[PDB]
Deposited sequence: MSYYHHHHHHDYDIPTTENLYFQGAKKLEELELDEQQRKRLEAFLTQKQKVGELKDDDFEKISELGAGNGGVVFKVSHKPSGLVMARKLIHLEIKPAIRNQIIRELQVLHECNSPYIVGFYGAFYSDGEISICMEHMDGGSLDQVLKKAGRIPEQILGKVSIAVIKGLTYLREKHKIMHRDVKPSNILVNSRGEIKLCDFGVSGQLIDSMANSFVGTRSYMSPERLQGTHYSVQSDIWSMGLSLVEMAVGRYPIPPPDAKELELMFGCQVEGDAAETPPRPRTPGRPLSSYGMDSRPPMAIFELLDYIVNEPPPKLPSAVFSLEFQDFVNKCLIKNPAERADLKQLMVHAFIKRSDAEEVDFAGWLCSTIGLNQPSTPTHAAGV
């Protein structure tokens, strides 16, 4: 759980973070929309991504948010996006972080058709290693891993994002958005005790969506998997709780991969594989010792 090429980049990012001192609004110039905007710090030559969460509550709670948020300066990993600072400005708290020029795998999957199995193996090692770091070194669970918050770059790192560091900032949020693609585990939907196992379920489900090119619930009929190769929120969620979990098509993916997702998508979280098990699963042992130019596949598909 240590590498050198990775060793070079971490201090270098630390060195970069030396640049920042303190932050506030006029330091920053809006470049584009990705809510989070890519912005350019002028006091220091860094290009960062800054996310703006709109909260409107009195400072005693906002000060608690930022102290709890300050711990991210300390978590530092080759599998976690890099953090620079959090301040409050004009009814919005800003989190500015390392900018990843490739976007989310949500966004990568839109441009690609489907993501091939070997790249998905690599991303599995990255995600599994990130949660293990967090659990073991910060005693935190992610609580929402899914494609939109896993970021990729032309240099070839795959890292996690948007995890639950400040219990109170989640508290302070007035309203949530629910669409038709849910990645919440069956046990969280039922409101029972949960652990990093819930993140493992979310990871399995994300993997199947990226492999097939479609969010897999409800499962497609014979007609649309053939061509590949109007639902209310409550009944989608009830599908997740009471129907059997999704599965990869048996023809087009290796058994190791199928079994890997099947172990992630077990409904009972006690029987679901935990973090170390997956590190010893056949699928990622095979994938760990493999040569894919992930940066190469990326740039060619996205155009950079």
Discussion item. Need the unmodelled segments of the deposited chain, numbered from 1, in order.
Written reply: 1-31, 66-71, 267-297, 373-384
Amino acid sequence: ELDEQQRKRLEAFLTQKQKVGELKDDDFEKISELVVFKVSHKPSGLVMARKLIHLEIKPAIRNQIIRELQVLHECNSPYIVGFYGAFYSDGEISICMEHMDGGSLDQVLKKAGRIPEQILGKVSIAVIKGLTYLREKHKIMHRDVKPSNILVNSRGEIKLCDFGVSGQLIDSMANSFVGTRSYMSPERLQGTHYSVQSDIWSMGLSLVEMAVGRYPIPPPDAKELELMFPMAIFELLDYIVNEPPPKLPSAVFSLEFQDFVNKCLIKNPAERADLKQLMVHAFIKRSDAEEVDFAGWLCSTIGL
From here on, numbers count along this sequence of modelled residues.
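Here the rigid core means the biggest group of C-alpha atoms that line up within 1.5 Å when the two forms are laid on top of each other.
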Worksheet item: Rigid core superposed, root mean square over structures and residues, which stretch has C-alphas farther from this form in 5 other deposited structures of this protein, 165-173 or 114-122?
Response: 165-173
Fill in: Core-aligned Cα RMS comparison in 5 other deposited structures of this protein - stretch that moves more, 98-106 or 174-182
174-182
Discussion item. What about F229, left without coordinates in a third or more of the other entries of this protein that model its neighbours?
Written reply: yes
Worksheet entry | Stretch with the greater mean C-alpha B-factor as recorded in the entry, comparing 126-134 against 181-189 | 126-134
Worksheet entry | Average Cα temperature factor in the PDB entry - higher stretch of 194-202, 99-107 | 99-107
Discussion item. Given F234, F87, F163, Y215, identify the residue with the highest C-alpha B factor in the PDB entry.
Written reply: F87
Worksheet item: Which of these has the highest Cα B-factor in the record: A270, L275, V39, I240?
Response: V39
Discussion item. Ranking the modelled residues of this chain by C-alpha B-factor as given in the entry, is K159 in the lowest, middle or highest third?
Written reply: middle
Practice prompt. Name the third of the chain's ranked CA B-factors that contains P220, choosing lowest, middle or highest.
Written response: middle
Response to the item:
Here the Cα B-factor of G167, set against its chain, lands in the third termed highest
Discussion item. Split into thirds by Cα B-factor across the chain's modelled residues, where does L14 land: lowest, middle or highest?
Written reply: highest
Item to complete: Give the position of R114 by CA B-factor within its chain, expressed as the lowest, middle or highest third.
Response: middle
